[PDB]
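First up is the structure itself, then whatever we jot down about it.
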């Protein structure tokens, strides 16, 4: 630790050592302060070991009503904690054991969830294949066929892809996009106490289909800046858009409907009607992968202290 | 086993609840008759009682009758089927989540691809008639699981005011909610025993 | 013996560090139910109804003991202590006693009623410790121990339902005979008792969050993530572009987040200012519901959701909250000033508002042509990364519920509030043993139909040990606490009036202290 | 048991050097008060009054035992002995017994009253040993043990006052439920007793 004092005369700045000054340091080991780590903020240790970095300032938020506070709002004084005081000559250290957490999946699947069958053997299950004998009136019938290697789309399966929350699709070829402003109006969002927040990045979903890597979800992926990139309205060549294409084998595509559901009763009259599923919650028998981690990305987050959570 | 009780019939049929429900919003016919009236939920009105647990999830299927003359005179086996998409490929939702096959007294109806269909001995493989196959029905789980060919329920879709009336919408697919209970699909003498859970980051049930 | 008491009156509370032990004693009366008979009941026997209200079941000659309400154990002052000083609590141990049994016979002449002791009569009592009977506790029924320890209460009658098809029964329907259980028989002089250990359950959250789920960031530091901010350079044709900006303190709505609010099932909004409501009948037609085997049931109270937005406390969800009656309130079509509507406003920091959409989703592909189209989400199921709070418990509300025995469940906390257990406190069943009148002096094979009119009275004691979870907050400013108001009034709140009637003037929740997210 | 006495009649005085031990036994009757109810009372319920006489409080279904008068313990001759021979005295020890409980039920027909035994009924008794209830002894009230040992006396009803503003109550007012205390339950055949040591007090100047 080195503490310096700065004196600024009319036209000169002098920096000197202050051998008797102190720095105060403490760890919030009981988790009594608002946890601002885990919001992907600037101010971490720099990647390059030779870079000297500046320590970020601490601040926090509490309950608000507009710009006003309610009686439930909390004010925290950090001097109301015991802390160690260090002169030049003292050091500080501590140890911590991580909780038991599952391994991160640093692999991609070489199989697809809809292609888990033996491609040589039939199933012993049947599926409805025809409902009319042919053209004409009063041709109703019921015909059934064995599900096999020739028709893999209708085979019975034990597990289904994970949940979805559809995103708008944006092309990096700008001429293919609609000539209008839709960054906020066309975005997926959730509401809390009358406030709208972007669904960003949202549930782990595949970024695009096969051969459509020019498309990306509007706010469904992490976007990093390149070195020297500004902060306001920079072009696409100045940023780095990640894509979760590896999870397309278990996770639905971010910019597509989950599937179709029946929406009526067909009869002899109404025809069979289906509807698109734009958001599908958890169902038993669903499997999914989580979002990948990156060399530039975050490591951990604090689970909020609540009655319930899922995954 | 099958349940001898229904999820909406778990109360004592002799005792009132100590909770109230809104029963009237207008005093009567005419203009400016708005009011709020509340009643005790009891044995006479079991549909409005407060409950602790709700039926499990759903993913609606199309309804097909084994009396073919009752079906629509069109081809809807693929076009009318429930499906899910993966990397641009469509797969049948088959058999899908465990749901009751039909209502009471409607055993002639079956979900389009919501149940296991076995073949009889000597049955062919292409376009065989209904008398050549064996369609299972999960009617025993109707006490906890929603019917496969019905909506889960209704949700509000607007704000009523003095003007817009109260508007509701059908729920065709309902995901997991806290407080939901359900049964799994039955096993059969002809059916499978086990499966391998895919090696993934996450799964549910 | 006849002349010796079988137990004492035990009613107090002990606060012992991280434990609190409550003890309650009450006086009960039990009549003969059903003329000692089992009767089949249905909506046919009740007079008919719609399909949504049909049922089939049985009423029994037995009664049962229920203490599944918090005011059966906590006085208002004890509740104030608990909720003003603790982040959590849960039940651990239970002890139950039944004592000082008195059996009386009633003789009614032409114009006089005489009540006498029957020293040789018995009451039968047993606990359903193996959970073999239909569990009717956990349906928020009347008949619990009264809140006021001086009130003498009448034991409710036991009945149950089974599978029905209209008013008819199917072959799967079960009939239960409660005499087919071993039970203890008590004369005046005998007592009954048993002990029970609660399952391991999570602590109830008797706190509110002082942070919002969308306000968990440092308000001084930018993110290192970018968001799309512009798609057109300006007015005119062929102005397509892609512009990106850093998400920071100036635009908190577009920041990347790790966790999202819990699930929703939208309710209709009703104003307590009636002139603001639509001039039509929408109590049933406008209500949220779920269907089971062709029957519609109200979604009530449904998933735990915030009752209203900030500053809109006059609105409440149609069937999304518990409504209690005030003392002396009737049962049919009472006005709003006669009922007490609870509000779960404390969970607005994690849970979506009950009368709003969850959010918006994309519903098409924009291109150069179709514009970007979004749709409202009226019901959102569980997603990974969602967090939520459960419904609060109240001094007047239920404590526990039995989780249904099923293959699967998710977060089995009871939706009306409390602790969900696979093995909850067992049902306690009690009945006066029938005493025949004089039989004929020639043999008759038919079952006896003439009985002596009897009833019974006694004392019941319940002792529960609860574990507490204390607060160690570092908040500097004072908290919100439940308190009485000093301003003068005709009566004292939570006391008796001049006529001797005890009343509870308001519902009291548990969430007054605060915690961070 | 029903047929066995729970205690004997003890009533005399023993003069033992620098000690005197008094013993008194009386016969009491206790009715049902308030129809088993707690009632709020005030000068409003009493009919109104001036400001100096306003009050707010509660009457309870309980009665209480009071012996806070000297003639409950000293006969006139014993009092004469004490005051003619001593400069001082003070109380040291107390023992209290309640026994031979009899519970009767009353039936009133059109023109006849019948009283019978109820062998299975109970009386509840407890001492406020932690001084948690309003102390209404020490206000020179009626209802103590009678001076004459042959007089049968009726147990007075318990009530108390709290803070009032006119006939109204403020938020600081306390309501006490006496069923919220542990108490002993006695059938005919049970008895109750307890002991108490007096605080150190100065001798009274006789």
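Protein chains in written order, with our numbering: chain A, 111 to 421; chain B, 39 to 243; chain C, 7 to 523; chain D, 928 to 1133.
In this text, a Cβ means the ideal position worked out from N, Cα and C, and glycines have one as well.
Only counting the same chain, and skipping five residues up and downstream in sequence, which positions put a Cβ closer than 7 Å to that of residue i?
i: residue 419(C); result: 396, 426
i: residue 146(B); result: 103, 104, 105
Using 9 Å as the threshold, is the C-beta distance between residue i and residue j below it?
i: residue 73(B); j: residue 345(C); result: no
i: residue 218(A); j: residue 359(A); result: yes
i: residue 142(C); j: residue 275(A); result: no
i: residue 340(C); j: residue 56(B); result: no
i: residue 524(C); j: residue 136(C); result: Coverage of chain C is limited to positions 7 through 523, which leaves residue 524(C) absent and any answer about it impossible.
i: residue 305(A); j: residue 216(C); result: no
i: residue 195(C); j: residue 12(C); result: yes
i: residue 984(D); j: residue 1089(D); result: yes
i: residue 1109(D); j: residue 999(D); result: no
i: residue 264(A); j: residue 120(B); result: no
i: residue 331(A); j: residue 353(A); result: yes
i: residue 525(C); j: residue 438(C); result: Look at the range of chain C in this structure, 7 to 523, and you will see that residue 525(C) is not part of it.
Using a Cβ cut-off of 9 Å (strictly closer), state whether residue i contacts chain D.
i: residue 200(C); result: no
i: residue 459(C); result: no
CB-CB under 6 Å to residue i, same chain, minus the five flanking residues each way: which ones, in chain order?
i: residue 382(A); result: 376
i: residue 339(A); result: 348
i: residue 440(C); result: 42, 457
i: residue 232(A); result: 256, 258
With residue i and residue j assumed to form a contact (beta carbons below 8 Å), what rounded beta-carbon distance in angstroms separates them?
i: residue 239(A); j: residue 115(B); result: 6 Å
i: residue 223(A); j: residue 269(A); result: 6 Å
i: residue 395(A); j: residue 243(B); result: 7 Å
i: residue 16(C); j: residue 96(C); result: Not quite, the Cβ-Cβ distance comes to about 23 Å (not below 8 Å), so this is no contact.
i: residue 238(C); j: residue 289(A); result: 6 Å
i: residue 303(A); j: residue 315(C); result: 6 Å
Within the 9 Å Cβ cut-off, does residue i reach chain B?
i: residue 534(C); result: This structure cannot settle anything about residue 534(C), because the visible part of chain C is limited to 7 through 523.
i: residue 11(C); result: no
i: residue 385(A); result: yes
i: residue 199(A); result: no
i: residue 356(A); result: no
i: residue 381(A); result: yes
i: residue 238(C); result: no
At a cut-off of 8 Å, is residue i close to the ligand ATP when judged by its beta-carbon and the heavy atoms of the ligand?
i: residue 79(B); result: Ligands in the displayed structure: none, and consequently the ligand ATP is not present.
Ignore the nearest five residues each way along the sequence and tell me which others in residue i's own chain have a CB closer than 8 Å to its CB.
i: residue 152(A); result: 166
i: residue 233(B); result: none
i: residue 108(C); result: 123, 194, 462, 463, 464
i: residue 419(A); result: 413
At a Cβ threshold of 9 Å, is residue i touching chain C?
i: residue 963(D); result: yes
i: residue 282(A); result: yes
i: residue 229(A); result: no
i: residue 91(B); result: yes
i: residue 346(A); result: yes
i: residue 122(A); result: no
i: residue 1084(D); result: no
Below 8 Å on C-beta distance, what does residue i contact in chain G?
i: residue 328(C); result: Among the protein chains of the structure shown, namely A, B, C and D, there is no chain G.
Against chain A, with Cβ distances strictly below 9 Å, would residue i count as a contact?
i: residue 475(C); result: no
Quiz item: Which residues, in chain order, does the segment 142 to 165 of chain A contribute to contact with chain C at a C-beta distance below 8 Å?
Solution: 142, 143, 144, 145, 146, 148, 149, 150, 151, 152, 153
Practice problem: Check distances from the C-beta atoms of the segment 210 to 226 of chain A to those of chain C and list, in chain order, the residues that come in under 9 Å. | Solution: none
Self-check item: chain B contacts from the segment 395 to 419 of chain A (Cβ-Cβ distance under 7 Å)
Solution: 395, 396, 397, 398, 399, 400, 418
Quiz item: Given a limit of 9 Å on CB to CB distance, which residues of the segment 486 to 502 of chain C reach chain D?
Solution: 489, 490, 491, 492, 493, 494, 495, 496, 497, 498, 499, 500, 501, 502
Practice problem: Give the residues from the segment 1089 to 1105 of chain D that approach chain C closer than 7 Å (Cβ to any Cβ), ordered along the chain. | Solution: 1092, 1095, 1096, 1097, 1098, 1099, 1100, 1102, 1104
Exercise. Output, in sequence order along the chain, the residues in the segment 114 to 144 of chain B whose CB is closer than 9 Å to any CB in chain A.
Key: 114, 115, 116, 117, 118, 119, 120, 121, 122, 123, 124, 125, 126, 127, 128, 129, 130, 131, 132, 133, 134, 135, 136
Practice problem: Compile a chain-ordered list of the residues in the segment 419 to 444 of chain C whose CB is closer than 8 Å to at least one CB of chain B. | Solution: 419, 420, 421, 422, 426
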